[PDB]
């Protein structure tokens, strides 16, 4: 299944724009699992694309989102190629749940 420990290690690339305490280039990911996309993050300025996506960050949507952000939400301002290893994606999600 998804392993938080492996996920903490795979989260390295995400650190550049995300943290769990404050907004920076990217919004804070605190409590992002199961939350509505582009609506929280203490008032972070989300793109119109994400905010109007109407998506809910469940495991299914996060899986697609991390594999290829722009294909899931054309026009997002999250500039990241995506994680092509499904197991790695699951690990990252297990990690996010801990936050």
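Positions refer to the first chain, counted from 1.
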ask   = Mean C-alpha B factor from the entry: is it higher for 29-37 or for 70-78?
value = 29-37
task = Read off the CA B-factors in the entry, average them over 10-18 and over 87-95, and name the higher stretch.
result = 10-18
message = Using the temperature factors of the C-alpha atoms in this entry, rank residue 55 within its chain: lowest, middle or highest third.
response = middle
remark   = Chain thirds by Cα B factor, record data; residue 48 belongs to the lowest
